[PDB]
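Encoded as structure tokens, the following chain is the form solved without the ligand, with no partner shown.
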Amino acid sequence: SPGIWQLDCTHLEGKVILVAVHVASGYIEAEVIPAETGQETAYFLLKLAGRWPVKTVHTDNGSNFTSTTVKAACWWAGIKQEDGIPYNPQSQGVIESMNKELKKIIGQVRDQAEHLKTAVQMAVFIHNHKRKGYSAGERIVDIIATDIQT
């Protein structure tokens, strides 16, 4: 569970926002890309795994699950690539709510940035720092630190 991440792809302003969610904490990293390709997803996962101890990734769709480039990145970075089938049905809704929340924050900051990518990173910041009382950023660190002492 400390190593489990979920991929999530959402759309805004004719562009694609690719999100990785650390399932146990709600912590996220995100990027804007022109379109969701295997190459973009692979590069995104490589970055993520160099930054956090990513053991398992629930991929966001079948094309990324199948993609030989995504598979090569997962092999390179030591990531187990799994499907993202919500056998647990509350998973869909949690992701849906996060996309709506992220888009709301993006709208609240949108005017402060000339480019969408900046607004997205501002939203990542606000999301990870928001105290719910611990923040997502605090929860991911504690979960992984606990796991290292083990």
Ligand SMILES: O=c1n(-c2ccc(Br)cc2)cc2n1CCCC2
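So that there is no doubt, residue numbering starts at 1 and follows the sequence shown.
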### Between 135 to 143 and 21 to 29 (mean CA B-factor, as deposited), the higher
135 to 143
#### Entry: Stretch with the higher entry mean CA B-factor, where the candidates are 81 to 89 and 105 to 113
81 to 89
### Query
So among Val70, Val120, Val94, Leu46, who wins on Cα B-factor in the entry?
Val94
### Summary
Entry-reported C-alpha B-factor of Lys100 relative to its chain, by third, is highest
### Message
Is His129 in the lowest, middle or highest third of its chain when residues are ranked by C-alpha B-factor?
### Response
middle
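One more form of this protein should be noted, the form solved in complex with the ligand, which is absent from this view; the next part is about it.
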### Query
Does this chain block the ligand or leave room for it once its pose in the entry with it bound is superposed onto the site C-alphas (blocked: 3 or more ligand atoms within 2.4 Å of backbone or C-beta; open: none)?
open
### Query
Is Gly26 close enough to the ligand in the entry with it bound to count, meaning some heavy atom within 4.5 Å?
yes
### Query
Should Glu101 be classed as touching the ligand in the entry with it bound when contacts are defined as heavy atoms within 4.5 Å?
yes
### Query
Is there a non-hydrogen atom of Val94 within 4.5 angstroms of a non-hydrogen atom of the ligand in the entry with it bound?
yes
